[PDB]
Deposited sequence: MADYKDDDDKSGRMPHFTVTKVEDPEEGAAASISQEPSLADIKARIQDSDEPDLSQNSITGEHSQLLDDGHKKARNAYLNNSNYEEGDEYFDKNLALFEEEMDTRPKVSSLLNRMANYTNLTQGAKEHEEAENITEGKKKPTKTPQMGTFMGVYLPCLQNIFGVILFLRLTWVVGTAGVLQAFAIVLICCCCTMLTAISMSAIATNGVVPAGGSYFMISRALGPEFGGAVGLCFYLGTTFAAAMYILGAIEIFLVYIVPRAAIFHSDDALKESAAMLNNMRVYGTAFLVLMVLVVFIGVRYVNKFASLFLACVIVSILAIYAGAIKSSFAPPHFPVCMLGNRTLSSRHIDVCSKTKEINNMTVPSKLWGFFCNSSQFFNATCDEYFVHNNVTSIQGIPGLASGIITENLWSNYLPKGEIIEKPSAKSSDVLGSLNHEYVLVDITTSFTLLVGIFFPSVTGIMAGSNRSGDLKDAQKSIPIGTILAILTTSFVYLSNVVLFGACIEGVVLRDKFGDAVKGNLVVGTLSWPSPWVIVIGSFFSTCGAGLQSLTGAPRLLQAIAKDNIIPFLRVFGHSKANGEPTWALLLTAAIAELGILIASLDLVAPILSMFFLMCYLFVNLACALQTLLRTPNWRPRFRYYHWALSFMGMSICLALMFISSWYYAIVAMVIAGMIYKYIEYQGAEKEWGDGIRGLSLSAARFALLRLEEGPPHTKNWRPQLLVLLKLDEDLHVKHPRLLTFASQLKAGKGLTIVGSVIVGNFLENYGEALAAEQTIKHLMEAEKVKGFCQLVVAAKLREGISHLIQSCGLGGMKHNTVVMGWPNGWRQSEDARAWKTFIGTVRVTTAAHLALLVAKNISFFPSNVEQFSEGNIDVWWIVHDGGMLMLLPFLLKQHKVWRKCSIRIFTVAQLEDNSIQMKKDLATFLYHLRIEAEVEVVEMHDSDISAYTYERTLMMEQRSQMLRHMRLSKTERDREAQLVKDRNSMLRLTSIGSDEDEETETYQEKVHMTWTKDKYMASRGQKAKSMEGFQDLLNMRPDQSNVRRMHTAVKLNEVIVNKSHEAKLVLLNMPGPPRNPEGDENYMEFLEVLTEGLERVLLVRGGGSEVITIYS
């Protein structure tokens, strides 16, 4: 049946939902707190707050189980247990630091089960085998703690021995460890229902209003008839001198107040639940008393026969003591390779097991408060009911059914933790994620860890030397809550950031359920201590960074450099989806720099102007071509790249250089335009300079390369920016004191001609200029309506530019008519935009047949004649600008 874990030895190498997931999860959730501490949790805090403590802890594990269901429906559910399932779904660095704190929680749970078994042994079975039976004095805790230290060490030593020499017999005894749990739960239900008509007889002796210990007491009368003569009782001797001394010198409060006997279990049909609703938080050392019991109001001495409060108690202390009961939800995955359909079995079996154990916990809170007297619930170790378990007194056939049933339930839960946690630590020693843990993978002939079992014994001996189960249980509650924190955090983080292999195929999963489970784990950690919560999450964060540094060191070769290569890769893969065209166009530049012979930059002011356009943000790529043969020019291309990078730092350009050696200049330019960047991170716009001296020099190749670049750019659906007289453009230390920036918008590309002066004006050079926008009007439309349609187009974006509509005349808006509509258009622009520091206007497209490339180059010379600084702007076709920054 195998409620034990797999771990390694089966990751390198039949069951359904019920016997493969549901019953192994149920066995590991049920345990010692239900039988040894839960009546005391209803005794303190009342029924109403103990119902809230159980409900808060159960909602935390249920949300964590939904995140665990999303992990089991991601990949193919590997055959190694829960550690291999979490590590392959959340990657490394979340497999580690979940596996390490689940390991520490299992190692400290094994100490809590061994201490829980020594308590059922030393109380309730043989209160005679105590080594330190000390003097009858004020130290009743110092001799009890040294009794648990000696017996709990010897119990742990014999239990490491069973894990070593025979673990196959721990496997096949799983069916009777589960049967001891189930018949103990069914005995509590049977004996609570029977108390509606036949309650058991367990009397409690009360002296006035105070609860007396029922040990060392034969009769609760203080009178003690024997045979028609009244010798006073043994209870008389504890509050006076010797038992023949009816004469005098009695204790106060005792001379007053009569001695009565109440029922410890009134049953389900009485109204004792109305007395058990509210809380009884008391400091350590106060007498346990009950309301509706009569008491004078005197003040006597403090006897040794009273039942006192064990420790000081609060709401947050009771949360950390109940919480190890709801853990054990990773048990549904530790038989992963032996399931038929593990993708379907693990969510169904785990979630149903949470609903079963939470019903048993929530219905026991109501049944303890409705059947048991409150002064019996409010003392552990059962001094008021003469040394019985309080939950044992409620069960029908005998209290010995629960005492023997919970002794073997706790002996098997400790044996389960002491095989599981070495098998987990050995599986983290492999995958080589933490290299100094290498020695703890030292498997024997058939799995069987050797040095990992020795380390779990020494850490669990820390939690044996720390005795008192009420102190160990908050320590392992912190480790399990920190384990459930990182699972809930990593599940919601990978679906919000679209981690490449994360796609949970499980309905009723949402990221807001994992975030909600992450918030409850944090709240339960900080109400416990908060300064062990700050330290543990700092230590777990440095473990996250240590595994991430080691993973980057063997993925990229270097640790520190590999952390930037991994961050760049994840961000670039996130962009590879398919809506890349933002409805807010921003120019991402590809700057084309020509090189002359001796390999110097011809026009370095293109880099200055590109730095004023981007202002240190966005993407900028500088592209260049060396004409020649690459097999002979690789050393000349490496030194030419250091020249451009030295020049980019001088002109305050923060970007990338891409240089190529090509046999033709036109071929290397066209390949830079279509292949710069790495997918998503690519250019929007090509920037180049005007070919100055194209007409008068020589052979038609300098100005025909220019037309070929305009054609390649618009075929690629990219934007183009051509700067004319780039040697007259200002440097970075010039700063015009006044001036204009004139935009001549002509029926096309309006969104790009208005964004570009607004972007350029927030640089220091162009800061004090004013934007003027001009349109041309032809007779076959109205001029006034077109103006305020443009004023409203600017006023909602607070660009602050002034608008003029230029009324044109007999004109056209052949070839001699194109050189007549460019002469007329030039004299309108120069009449208004001479002395204007920058002019922006549309450039028209090249002709269809490359026959008219010299008529096109003469068109652009005549149109831009007489202007000092011109930027010709051409849109790519799809540039939607909605928000002007």
Q. Which deposited-sequence positions, grouped into ranges, are missing C-alpha coordinates?
A. 1-117, 131-145, 946-1040
